[PDB]
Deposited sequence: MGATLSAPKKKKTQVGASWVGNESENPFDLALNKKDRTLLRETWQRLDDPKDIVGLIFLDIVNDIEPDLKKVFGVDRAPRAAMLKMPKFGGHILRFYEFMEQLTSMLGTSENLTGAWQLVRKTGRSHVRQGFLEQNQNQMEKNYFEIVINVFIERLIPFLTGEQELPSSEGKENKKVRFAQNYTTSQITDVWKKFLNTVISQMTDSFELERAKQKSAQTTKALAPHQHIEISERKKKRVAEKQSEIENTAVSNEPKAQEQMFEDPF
């Protein structure tokens, strides 16, 4: 895909009002990078501890991990990716750039040897594992149900459609890029 096609799932799964909600709800958050950090700490410590080694935090106490370079780097990168993606979708309506960003990010992960070897739709999809923790943990902050016009049901459904579309496009772009590289 070039990115400008009419089949863009971010245009199909989300309408204009949905995209505005994604941006406005994300912006309502105070310290979104801190929330992203807390969720990644849960991912590597509680949910998928195989990821500690990947991020170089297999020895760091939970309390030191945010300072370790690969781990704190990833938190920054993931936060920036969500910042840009929600802005493109919900502010500029740059639907092409939003789709292109997600597929480029999916393809780029093929360089991660852990994922090249272990990413597997039959067994573990690590993009799904990570984003599912966001679905469970980020959405209650976004609805205001948890702390650190739109109804709770609306915000929940929109963020689920959005985050599931991020999973599917990163998964598909990764899988294709890996197949091509062989």
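Undergrad: From the N-terminus onward, what segments of the deposited sequence lack any C-alpha atom in this model?
TA: Unmodelled stretches, in sequence order: 1-18, 167-181, 216-266.
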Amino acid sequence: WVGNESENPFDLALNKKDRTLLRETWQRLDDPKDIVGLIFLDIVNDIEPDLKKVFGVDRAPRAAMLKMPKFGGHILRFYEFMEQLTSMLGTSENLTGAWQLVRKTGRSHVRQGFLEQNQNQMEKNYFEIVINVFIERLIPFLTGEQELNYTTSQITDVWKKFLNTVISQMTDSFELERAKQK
From here on, numbers count along this sequence of modelled residues.
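Undergrad: Could you settle it for me: does 137-145 or 113-121 have the higher average Cα B factor in the PDB entry?
TA: Mean C-alpha B-factor is greater for 113-121.
Undergrad: 158-166 versus 12-20: which one carries the higher mean Cα B factor per the record?
TA: Mean B over CA atoms: larger for 12-20.
Undergrad: Go through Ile47, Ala64, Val130, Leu41 one by one and give the residue whose Cα B-factor in the PDB entry is largest.
TA: That would be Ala64, according to the entry.
Undergrad: By the record's CA B-factor, is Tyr150 among the lowest, middle or highest third of residues in the chain?
TA: Highest third, going by the recorded CA B-factors of the chain.
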